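Quick notes on the structure that follows.
Numbering (this note's numbering), first residue to last: 626 to 1075.
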């Protein structure tokens, strides 16, 4: 219940609230909306239990570059708005307005709660429950852990759970002591040896210069993959002796190399894993965001799965030296090659596999809307599991992209995943749309003259 320091990315999260940098000036926020059959009042009381259970849920972010768990908090209650008697045009207007009000809202530093839960009463016993939270508060693994304790006290409000012997403040005290020398110096030696020939981020197609954008405005494309495809893709990863994250990062790179006209590209992977520092680490709420950088090589006449094996061996080499954070590598990359104050690794992939054993963020209701805002990224491809189903979500600064290009990149990524399930390999990328017909008539220049 005392102030403590921020992680390297919690520092970057707060730094991302400065509009002086390109595509910055917002707080990173996560948004989810579900249609439930459950009682809002019972969920509101089970929420008061999870607030007192996990101390980090009672925390705020301080402007001193610190974060503090509060000794106690004002009582929270979920407010439900009745749309029961409204025409379908009026109930849709209230629902879309609250979406904008929630995603646009930013929690002040050192204010009150870092989250918000609001509900609508579609029918007298049907509700639209929505939950948002600033990314400085917790991680996706924590947002599901909260939902697991929510549904436990929803069905059993009196089945008191065992208390926690370890919180997020203790992890930060180890966090600063973990960042010292020895393995850190060895990790730095590894990263500095690869830097002289580290590839740049793929020069992806952009509609506008990020320098004239300032505050970004975010949209997203989401596709929920059938469990039967996600199982076959996992079996394909097992047949090739690779992790499925190496398959996804390669498919991600296949689309980027195609649209950026690159032979070698650099991806910014978001890894979690926290740090192996305690026994109860995976059972508490906290911020688990990190960074790593991938050494890729699409220059290849080889099949897709051999690109993945080189991806995996590189992925492990960077993971084995993650004591030197990838953001520290970005500062080293920035100084020499004279990158200036620009986005150095704006092509970001987020690996959130193993969503949960049952994903208690579905046991409440069906998923209707997905949204997220993330400072200092051109596009963030986050792939997360959902009780056997795979969710692919592309969060991107649309003040940078042509809509048809972003939809095509999102479609090609999914089409390559289908080919991995259907044939085990991928075919090269093609484009038609409003593009092939232009060049087909562009070169229709034949004339009959001997």
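C-beta: ideal position from N, C-alpha, C; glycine also.
Test item: CB-CB of residue i and residue j under 8 Å
i: residue 647; j: residue 835; result: yes
i: residue 1050; j: residue 954; result: no
i: residue 719; j: residue 702; result: no
i: residue 949; j: residue 971; result: no
i: residue 875; j: residue 926; result: no
i: residue 800; j: residue 911; result: no
i: residue 915; j: residue 896; result: yes
i: residue 831; j: residue 1026; result: yes
i: residue 761; j: residue 921; result: no
i: residue 823; j: residue 891; result: yes
i: residue 769; j: residue 980; result: yes
i: residue 680; j: residue 626; result: yes
i: residue 943; j: residue 919; result: yes
i: residue 692; j: residue 684; result: yes
i: residue 662; j: residue 730; result: no
i: residue 670; j: residue 774; result: no
i: residue 794; j: residue 694; result: yes
i: residue 763; j: residue 988; result: no
i: residue 1030; j: residue 1005; result: no
DSSP state of residue i mapped onto helix, strand, coil
i: residue 721; result: helix
i: residue 690; result: coil
i: residue 1001; result: coil
i: residue 1009; result: strand
i: residue 990; result: strand
i: residue 900; result: coil
i: residue 888; result: coil
i: residue 1019; result: strand
i: residue 927; result: coil
i: residue 680; result: helix
i: residue 654; result: strand
i: residue 760; result: coil
i: residue 799; result: helix
i: residue 736; result: coil
i: residue 938; result: helix
i: residue 1014; result: strand
i: residue 1073; result: coil
i: residue 672; result: helix
i: residue 977; result: strand
i: residue 809; result: helix
i: residue 945; result: coil
Assumed close pair residue i, residue j - CB separation to whole angstroms, cut-off 8 Å
i: residue 668; j: residue 754; result: 7 Å
i: residue 850; j: residue 1045; result: Actually they are not in contact, since the Cβ atoms of residue 850 and residue 1045 sit about 11 Å apart, beyond 8 Å.
i: residue 1007; j: residue 991; result: That belief does not hold up - the Cβ atoms of residue 1007 and residue 991 are roughly 20 Å apart, past 8 Å.
i: residue 628; j: residue 998; result: At roughly 26 Å, the Cβ-Cβ gap does not stay under 8 Å, so residue 628 and residue 998 are not in contact.
i: residue 894; j: residue 917; result: 5 Å
i: residue 829; j: residue 958; result: So it is not a contact: roughly 18 Å between Cβ atoms.
i: residue 659; j: residue 993; result: 6 Å
i: residue 616; j: residue 840; result: In the structure as shown, the chain begins at 626 and stops at 1075. Residue 616 is therefore absent and cannot be evaluated.
i: residue 631; j: residue 690; result: 6 Å
i: residue 936; j: residue 871; result: 5 Å
i: residue 675; j: residue 778; result: 7 Å
i: residue 923; j: residue 960; result: No, residue 923 and residue 960 are not in contact; Cβ-Cβ is about 27 Å, not under 8 Å.
i: residue 817; j: residue 1039; result: The Cβ separation is near 38 Å, so there is no contact.
Residue i to residue j span [Cα, whole Å]
i: residue 727; j: residue 757; result: 7 Å
i: residue 856; j: residue 1021; result: 28 Å
i: residue 825; j: residue 956; result: 14 Å
i: residue 1071; j: residue 1063; result: 16 Å
i: residue 812; j: residue 947; result: 7 Å
i: residue 873; j: residue 883; result: 15 Å
i: residue 880; j: residue 846; result: 15 Å
i: residue 1065; j: residue 1037; result: 22 Å
i: residue 711; j: residue 733; result: 34 Å
i: residue 1000; j: residue 853; result: 34 Å
i: residue 1042; j: residue 905; result: 36 Å
i: residue 887; j: residue 1023; result: 22 Å
i: residue 996; j: residue 967; result: 25 Å
i: residue 806; j: residue 899; result: 19 Å
i: residue 601; j: residue 644; result: With the chain represented from 626 up to 1075, any question about residue 601 goes unanswered, as that position is not in the structure.
i: residue 928; j: residue 1059; result: 30 Å
i: residue 792; j: residue 913; result: 13 Å
i: residue 908; j: residue 1053; result: 43 Å
i: residue 864; j: residue 1073; result: 56 Å
i: residue 945; j: residue 867; result: 16 Å
i: residue 696; j: residue 789; result: 16 Å
i: residue 656; j: residue 1011; result: 16 Å
Near the ligand SAH: residue i beta-carbon under 7 Å from a heavy atom
i: residue 762; result: With respect to small molecules bound, the structure shown includes none, and the ligand SAH cannot be examined in it.
Neighbour flag for residue i against chain D, beta carbons, 8 Å
i: residue 862; result: Note that chain D does not occur in the displayed structure, where there is just one protein chain.
I want to know whether the segment 741-749 touches the segment 980-987 - three or more CB-CB distances under 8 Å. no
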